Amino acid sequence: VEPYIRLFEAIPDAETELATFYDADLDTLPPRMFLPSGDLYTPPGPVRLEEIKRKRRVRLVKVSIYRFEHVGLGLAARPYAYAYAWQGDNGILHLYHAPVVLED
């Protein structure tokens, strides 16, 4: 986490209005996500975001990546991966690294 706070806070600041960010959820379509190379990352399900820091027009988030499964208890959204990212005012997620896939 800390090196990602470092990268994020190094974004140069500017006097502007605060943006309202897109709080994506299990209920909503995940926004487009991109790896640090610029490649599109396609999640296997929806995401949830946890804000860590914010500036005016960008924020730092922890992105939790879910997948749906039909286990014993019926349909479940279950954690699949995570990545730190910055999000901008179009709601787009810019990943700092390829998502870490969570072991069962």
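The first residue of the shown sequence is 1; numbering continues from there.
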Pick between 69-77 and 33-41: the one whose mean CA B-factor in the entry is higher. 69-77
Between 90-98 and 15-23, point out the one with the higher average CA B-factor as the PDB entry records it. 15-23
Using the B-factor values recorded in the entry, state whether the Cα atom of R48 falls in the lowest, middle or highest third among the modelled residues of its chain. lowest
Record-listed C-alpha B factor of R59: chain third: lowest
